């Protein structure tokens, strides 16, 4: 801990994909999609393409996307942070890529521990992240407002975004 007593994403920090620690309070005022990514997953193509699309169309409105690579699901993110950064560049990613983390278990990044216990962050059949490309929608105050599973393509989130802009 003491992650459980945090009241906002803005209380957390994480290393970006270039190794620089980022204070997530930079996202105050912005609506964020926080998602765990993988390069060798059947969901990879639709998720990266649609996240890039949403970012292009809504960055000016206040949309930010934080992508956390994670190798806990089928070993579908085996590469280095440098390789993952290159992979993301092939999709023309302009949103924020982070260093690889765990999202489940005792070594999960504390932001992810925290998101999973928020009233709108809880899961079905337990809170654990079930596969690559789970998405949490975070409001301008850093609060979890919705969670979307691996099979819910990012464009499903689009109809929910105006409420938070």
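Numbering follows the first chain given and starts at 1.
The PDB entry records a higher mean C-alpha B factor for 123-131 than for its counterpart among 93-101 and 123-131.
Looking at 26, 64, 116, 57, the one whose CA carries the top B-factor in the deposited record is 26. Ranked within its chain, residue 139 lands in the lowest third, by CA B factor from the PDB record. Sort the modelled residues of the chain by CA B factor and residue 110 lands in the middle third.
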